[PDB]
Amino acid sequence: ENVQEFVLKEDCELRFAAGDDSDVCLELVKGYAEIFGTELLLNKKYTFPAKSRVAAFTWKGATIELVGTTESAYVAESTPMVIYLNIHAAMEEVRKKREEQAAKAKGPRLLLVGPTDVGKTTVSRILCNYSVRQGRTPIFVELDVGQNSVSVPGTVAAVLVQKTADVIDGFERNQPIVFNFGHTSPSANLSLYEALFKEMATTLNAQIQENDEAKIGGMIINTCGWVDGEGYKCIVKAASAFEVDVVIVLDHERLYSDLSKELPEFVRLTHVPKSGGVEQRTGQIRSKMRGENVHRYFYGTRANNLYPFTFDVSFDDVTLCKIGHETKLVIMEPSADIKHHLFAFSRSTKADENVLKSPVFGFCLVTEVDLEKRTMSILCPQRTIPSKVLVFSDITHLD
């Protein structure tokens, strides 16, 4: 196999993209390095799948080996990494101050805002990892219903972060709090989207009353890239509902300017540039990555393989339901049009008013529809159905 060697001076990062066909294996052979906030272990082999875009950053200097065919591979001497460090350090200062005034202390809450392709997910991951490396357990909140690092597309989700992200796999799905939105864009149902992140905020505020570490750990909140029109109001409303102390704007000066004049005076507002290592995505890439996200939910990853079950379910044993006048509940009759659609197992025992704002156990995929036998084949993470109430999602997946 073809080998590439890289010498990284202090405060430099190796930016590489895996080829379209082949895996790239990374090894740190000298010094200290990190990938999006997670420390790399010396001489450990990290295998990245095809089309992976990765930055390995070093604070003090590193030598890194790459094995395999790369699409691109170069060392960048200029990064916004110290900015993220200073943001983290400022949050930890707020923690210390509030801990010394409680005799429980509530952790600082940060809102990340900006358009698509600015590295918002990457920055959230770094900030969470740094909090973990400080000894904290932050709550990571994902409001982006298009691309979700916690659950499937069409979800508003949150996880308690107790360990640094796996270099390849990201953060562990340690009992996630997931709400089903059922659309890739908030513009499909604006009143429901607002209701869901307000419910998320209310849920978490009550959860942290039972957990001191989660409370002081604070919140890092990722938004969708919709900054124009009604999307701007969602940002202001998310900031209010989550009672954020800090708003970080990535690469959008007009949004920064507008938020500085509307947000309460106590809210610290920081504009940061996007990393030069962020590549812009097209519609095809996002659609492919959404499909890859669904596939990861059921089947897992290379390192952590999940084994989903494929079993038949009678329509008499389940209740199919759809949301959408906008927040109105609709009972679904078994049809051919439910094929390839995702369905959420609601935590509500009855298909009624409670379904709208209830979290979900998880998701299944309807693969086959047997209208003659009155059964449907579903791909499900567990052996039996966790709920009899199945909530419709407009997200389709071909498997």
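Sequential numbering from 1, following the sequence displayed.
Practice prompt. Decide, for the other PDB entries of this protein that were compared, whether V150 is missing from at least a third of their models.
Written response: That residue is present in all of the other compared entries.
Item to complete: Compare the other PDB entries of this protein and indicate whether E326 is left unmodelled in at least a third of them.
Response: Yes, left without coordinates in at least a third.
Worksheet item: None, 1 to 3, 4 to 9, or 10 or more: how many residues of the deposited sequence lack coordinates between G324 and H325?
Response: 10 or more residues are missing.
Discussion item. What does the record say about the segment between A103 and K104: how many deposited residues are without coordinates (none, 1 to 3, 4 to 9, 10 or more)?
Written reply: Missing residues, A103 to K104: 4 to 9.
Worksheet item: When the C-alpha temperature factors are averaged for each of 327 to 335 and 357 to 365, which stretch ends up with the higher value in the entry?
Response: Going by the record's values, the stretch with the higher mean is 327 to 335.
Worksheet item: Mean C-alpha B factor from the entry: is it higher for 137 to 145 or for 297 to 305?
Response: In the deposited entry, the stretch with the higher C-alpha B-factor mean is 297 to 305.
Worksheet item: Which has the highest CA B-factor per the PDB entry: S185, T319, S124, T270?
Response: If I rank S185, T319, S124, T270 by C-alpha B-factor, first place goes to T319.
Item to complete: Between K274, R98, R254, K215, let me know which has the highest C-alpha B-factor in the entry?
Response: It is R98.
Worksheet entry | Ranked against its chain, the third holding the CA B-factor of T282 | Highest third - that is where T282 ends up once the chain's C-alpha B-factors are sorted.
Worksheet entry | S314 - which third its CA temperature factor falls in, relative to the rest of the chain | Top third by C-alpha B-factor.
Worksheet item: With respect to C-alpha B-factor, does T349 fall in the lowest, middle or highest third of the chain as deposited?
Response: Highest third - that is where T349 ends up once the chain's C-alpha B-factors are sorted.
Worksheet item: Which third, lowest, middle or highest, does the CA B-factor of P153 fall in along this chain?
Response: Middle third.
Worksheet item: Lowest, middle or highest third: where is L379 by C-alpha B factor in its chain?
Response: For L379, the deposited C-alpha B-factor lands in the highest third.
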